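Residue numbers (the entry's author numbering), protein chains in the order written: chain R, 514 to 706; chain Y, 1155 to 1346; chain V, 5 to 321; chain F, 1540 to 1603.
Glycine included, C-beta positions come from ideal geometry on N, C-alpha and C.
First comes the structure, then the notes that go with it.
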Amino acid sequence: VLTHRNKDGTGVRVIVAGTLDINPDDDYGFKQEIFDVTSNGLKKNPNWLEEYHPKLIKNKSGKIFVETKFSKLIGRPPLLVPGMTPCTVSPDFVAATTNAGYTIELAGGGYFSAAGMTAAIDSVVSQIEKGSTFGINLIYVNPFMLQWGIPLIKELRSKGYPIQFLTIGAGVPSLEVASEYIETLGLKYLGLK
Amino acid sequence: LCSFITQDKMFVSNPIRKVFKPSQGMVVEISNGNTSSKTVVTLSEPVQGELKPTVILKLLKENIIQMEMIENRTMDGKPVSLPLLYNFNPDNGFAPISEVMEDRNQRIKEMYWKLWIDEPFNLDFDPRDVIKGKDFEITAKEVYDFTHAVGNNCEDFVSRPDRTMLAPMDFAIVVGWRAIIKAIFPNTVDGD
Amino acid sequence: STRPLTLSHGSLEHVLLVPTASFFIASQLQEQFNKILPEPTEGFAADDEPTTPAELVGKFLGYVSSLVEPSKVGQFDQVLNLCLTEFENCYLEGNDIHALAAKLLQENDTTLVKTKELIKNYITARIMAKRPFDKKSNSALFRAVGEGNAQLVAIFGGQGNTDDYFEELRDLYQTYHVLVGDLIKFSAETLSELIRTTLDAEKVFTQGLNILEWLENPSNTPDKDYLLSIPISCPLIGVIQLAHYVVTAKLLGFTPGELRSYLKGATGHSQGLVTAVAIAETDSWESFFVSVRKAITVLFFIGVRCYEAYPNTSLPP
Amino acid sequence: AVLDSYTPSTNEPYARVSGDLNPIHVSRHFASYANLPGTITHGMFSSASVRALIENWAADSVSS
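In structure tokens, the structure reads:
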């Protein structure tokens, strides 16, 4: 185990040969692997360099993309303008940035009621192209915004709004609070800070 | 595999994915799978006992996915079909498939018309104009069929010796159905 | 060669003398059997519990039978045939199981349900032990009718004698399966045909006529209300009657016609007339089935056509 | 009175008599495309089915 924690990310996989126990992490392996017949006896630890190697890849229109776990999902460059209050509040700039083909988070910080943000989200949509998308940044330390916001988001997705991810700033929700966001809101992915 | 479709900036759940969701009895036959432009997946389900084509998925000219949605139980036994059209576009990796909206309600209306209305497909009525139906003679057996269909064992509707057969007030719907339903069809009353 | 073995329940024993190349498999059965027996209680007076030594032997007799086939040879064919002979020789004084059942009712611990059990067991056992019912039996009635101090007349029943007619068909199918299985299945199938064969017969059988199904899974049997309406109740009643004829014939050691010969004549009441006619047309087993076809294919048409003529309608509550 | 009713095994029987060939009630793939719980029973059936109950028990089976 000592040598294992020395090597971790490099694809070496230590097996403790003298103890038949169980590792909750599969960090390493115990006496069993040395003898197992199933493909269950051939485990390997991950090499991050290989596993998470950046790559390039081509559109049919022949665009090039920096292929990573992220962009592979989102279908755009692995780069984003994070939600920012003064800056990302403007529907104009979130449109422009998203129209330039990049992921941007509409700042919750600048809105104070479902109605006022509904105003912007609809402005953003008016300026963004067909089939395009953006996201919303809400603050945990602001239980008021979080109270008209989460609903406004869910009510909006139900109507089929192009807002397909939520990021939460200022803190990480608890398991039951997060689980709520995930299953309740119709979101493609959730962003934690 | 694409989870979502597009409709005018709005994102719907993928209808193709929906319609092909597994279940005992359905059978999918992909033909010419290895060459893209010619592939034709075909869904066949048990319809009134025997198996039959329900859905037909292929490409058309100019990158247009088509989901032929087929109804086998029709007015004349000759299957009718709803042409659902989807724009495929590889430049939007995230939402390649979007639905051709221009005239979507019209296609759905046209198929309902063939199933309900024994007339020519004309959606040019004034919603304010009276709709005349058709004359309708109540056969003794149309009544037997209807009563037994809804399960109405009233003796007033069963042929008995020395009594004329009566028709259930329910039967009014059988007579007026075509005159009534026509009323939701005009173009000025555009509905899905 | 004999080596003791006890069939056991509560305070009820039955000692069983066992052959040599046998007491092995015999004891094995004895043990497995002992497991299934519900716990003894207050003179074994429960519903699963054998009342008497006789009933118990029938129990074990039926358990062993459950593990045999007539087609392929088994390893218990040895033991079964032996327990048969010891049950016969020990508990039947030569008469019929039915005579024993009556004795067990009258004298011993009365249970109609247990009686039926005992009977199911013996007939069932015997037939699966490749040991049929072909040898004229000493029915004191049939002996005396045969001599001349008696004469028989077959009378056949009609519709409306019972609320639950279909029940009688169950008890028949369930109890004497080894004797009647043929024509139940034969009828169930031949009626199924009449319905394809016929134009709009299908419309009359609103809930279908899967007789075999309803028999197997009581759960699936339609209402008394469905079962009682003529199109299905006429044919079925007849099958019940035919079925009874057969248990009487088969169990006497007679052919259908041999039974019929002892009769001064026959007659039915209402719809029972049909089977009486058809019964007298009867000769040999091979030929018995066309006779059945005639009978039930008449009843079927009586049922289907008379229903169509005047079908029941809602009673003003 | 409180009465027990049942919807039909299939919807084809009602569709045939009534002229409502709406696939929603008969073809699973249409029902599923419209996002319904299944092949919904004809609302019209329930109308005539319940009515029959009212007719029987409230009017003493006097159609009139």
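Taking Cβ-Cβ distances below 8 Å as the criterion, which residues of the stretch 651 to 681 of chain R are in contact with chain Y? Flagged, chain order: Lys672, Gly673, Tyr674, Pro675, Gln677.
Using three-state DSSP, classify Y/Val1284 as helix, strand or coil. Here Y/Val1284 sits in coil by DSSP.
Just the chain V side, please: which residues come within less than 7 Å of Y/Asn1307 by C-beta, in chain order? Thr317, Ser318
Can you name the start and end residues of the alpha helix (DSSP H) that V/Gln163 belongs to? Run containing V/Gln163: none; DSSP gives neither H nor E here.
Reduced DSSP category for R/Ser639 - H, G, I as helix; E, B as strand; rest coil: helix
Given 8 Å as the limit, is there contact between the stretch 193 to 201 of chain V and the stretch 295 to 309 of chain V, that is, 3 or more CB pairs closer than that? yes
According to DSSP, simplified to helix, strand and coil, what is R/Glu563? helix
Length at least 4, wholly inside the stretch 550 to 626 of chain R: the alpha helix (DSSP H) runs in chain order: 561 to 564, 582 to 587, 598 to 601, 604 to 612
Rounded C-alpha distance that separates V/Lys107 from V/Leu116: 12 Å
From this set, Y/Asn1307, Y/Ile1262, Y/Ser1313, which residue's C-alpha is nearest Y/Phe1339's C-alpha? Comparing Cα positions, the closest option is Y/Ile1262.
In whole angstroms, give me the CA-to-CA distance for R/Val607 and R/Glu618. 7 Å
Rounding to the nearest angstrom, what Cα-Cα distance links Y/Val1304 and V/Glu73 in this structure? Rounded to whole angstroms, Y/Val1304 and V/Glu73 show a C-alpha spacing of 50 Å.
Identify every run of the alpha helix (DSSP H) within the stretch 654 to 688 of chain R, keeping only runs that are complete inside it and at least 4 residues long; order them along the chain. 658 to 671
Three-state class that DSSP yields for V/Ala49 in the structure shown: coil
Using a C-beta cutoff of 8 Å, does F/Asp1543 count as contacting chain V? no
Spatial distance of V/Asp175 from V/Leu219 (CA atoms): 10 Å
By how many angstroms is the C-alpha of Y/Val1182 removed from the C-alpha of residue 1632 of chain F? Nothing about residue 1632 of chain F can be reported from this structure: the residues present for chain F run from 1540 to 1603 only.
So, under 8 Å CB-CB, Y/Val1195 and Y/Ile1184 are touching, yes? Tell me the CB distance rounded to an integer number of Å. Contact between Y/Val1195 and Y/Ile1184 holds, since their C-beta atoms are separated by about 5 Å, short of 8 Å.
Using a C-beta cutoff of 8 Å, does Y/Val1304 count as contacting chain V? no
Can you list, in chain order, the residues of its chain whose CB lies under 8 Å from that of Y/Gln1161, leaving out five sequence neighbours each side? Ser1252, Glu1253, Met1255
Against F/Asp1599, what residues of chain V qualify as contacts under a CB-to-CB distance less than 9 Å, listed in chain order? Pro320, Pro321
Straight-line Cα distance separating R/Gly704 from R/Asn572: Taking the CA atoms as reference points, R/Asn572 sits about 27 Å from R/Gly704.
Going by alpha carbons, who is nearest to V/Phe209 out of V/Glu312, V/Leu9, V/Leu319, V/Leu20? Among V/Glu312, V/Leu9, V/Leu319, V/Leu20, the Cα nearest to that of V/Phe209 is on V/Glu312.
Any idea if R/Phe548 is buried or exposed, counting beta-carbon neighbours within 10 angstroms, 16 or more meaning buried? Flag for R/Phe548 reads exposed.
Which residues of chain R have a Cβ atom closer than 9 Å to the Cβ of Y/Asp1245, listed in chain order? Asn572, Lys573, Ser574, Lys576
Closest to R/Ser574 by C-alpha separation, out of Y/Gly1247, Y/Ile1170, Y/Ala1294, Y/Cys1156, would be which residue? Ranking the options by Cα distance to R/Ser574, first place goes to Y/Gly1247.
May I have the straight-line CA-CA distance separating V/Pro226 from Y/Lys1295, to the nearest angstrom? 27 Å
Can R/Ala633 and R/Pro604 be called in contact, C-beta distance under 8 Å? Cβ distance < 8 Å, so R/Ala633 and R/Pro604 count as in contact.
Collapsed DSSP secondary structure at V/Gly185 in the structure displayed: V/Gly185: helix per DSSP, three-state reduction.
Name the chain Y residues that come within less than 9 Å of R/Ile695, Cβ to Cβ? Result: empty, since nearest Cβ-Cβ is about 15 Å, beyond 9 Å.
Continuous alpha helix (DSSP H) stretch holding V/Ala105: start and end: Residues 101 to 110.
Does any residue of chain R have a CB that is nearer than 8 Å to the CB of Y/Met1255? no
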